[PDB]
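Remarks on the structure that follows.
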Amino acid sequence: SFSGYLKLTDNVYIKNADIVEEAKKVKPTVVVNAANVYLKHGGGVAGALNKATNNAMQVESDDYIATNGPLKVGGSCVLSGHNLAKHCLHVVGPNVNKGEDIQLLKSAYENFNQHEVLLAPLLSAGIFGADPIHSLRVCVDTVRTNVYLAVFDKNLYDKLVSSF
Ligand SMILES: O=C(O)[C@H](CC1CC1)Nc1ncnc2[nH]ccc12
């Protein structure tokens, strides 16, 4: 049910869209969240996804952290997708604004390989501070499963496609 995506490689597709609106439209099996190790969904994609679940994603995440402790940078956990998807794969990319190692971005994308198809944002882009052109390159060179990338910013989408 994904539509209006531009094909980049055999398995990677991209579209200028709000991932929350895309998730409500498609109801994918897996939506990826650009999480931090604490699953504190304050801003960016995480804040937007959480707000669409009426804060149910934050309640569930806090119970997960209380039981298991924080995730590793480069790591992930599968939780409920609530009203947006069957599951939400919370993936932690490196936040270069917090001094985290950019080499962990490839480890972050490797988490996508455990799922046949995913709706996702560019990891470590936005307020995580990494170069989005670099993040898209790591994605197509690491992910082997079917990934549908939603890029919110129009000007960034245009730059990604024209420079790919
Ligand atoms: O549009 C995106 O998908 C990303 C992540 C954002 C949606 C959470 N935005 C950006 N990423 C990197 N640099 C940027 N400069 C201006 C916008 C921008």
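Residue 86 in PDB author numbering is what sits at position 82 of the sequence shown, and the numbering runs on without skipping anything. Backbone N, C-alpha and C fix where the C-beta goes; we use that ideal spot for every residue, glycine too.
* When you compare only the Cα positions, how much space is there between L126 and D157? -> 11 Å
* Candidates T33, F116 and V24, of which the one nearest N58 by Cα -> Ranking the options by Cα distance to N58, first place goes to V24.
* For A129, is the beta carbon positioned less than 7 Å from some heavy atom of ligand 1? -> yes
* **Three-way DSSP call (helix, strand, coil) for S80 in this model** => strand
* With a threshold of 7 Å, establish whether the CB of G97 neighbours any heavy atom of ligand 1. => It does not: the Cβ of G97 is nowhere closer than 7 Å to a heavy atom of ligand 1.
* Asked: Hey, how far is the Cα of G133 from the Cα of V100?
  -> 5 Å
* Spatial distance of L75 from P98 (CA atoms) -> Straight-line Cα distance between these residues: approximately 12 Å.
* Asked: Does the region 116-123 come within contact of the region 60-71, defined as at least 3 CB pairs closer than 8 Å?
  -> Short answer: they don't touch.
* **Pair within 8 Å by beta-carbon distance, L109 and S80** => no
* So does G51 have its beta carbon nearer than 7 Å to some heavy atom of ligand 1? -> Checking the Cβ of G51 against ligand 1 gives no.
* **Nearest to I18 (by Cα), restricted to the options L122, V49, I131 and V95** => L122
* Asked: To which residues of the same chain is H45 closer than 8 Å at the C-beta, ignoring the five residues directly before and after it?
  -> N37, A39, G51, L53, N54, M61, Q62 and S65
* How about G130 and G48: do their beta carbons lie closer than 8 Å? -> yes
* On the premise that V82 lies in contact with residue 187, defined as a C-beta separation below 8 Å, what is that separation, rounded to the nearest angstrom? -> The first residue shown for the chain is 5 and the last is 168, placing residue 187 beyond what the model contains.
* Asked: Helix, strand or coil for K90 per DSSP?
  -> coil
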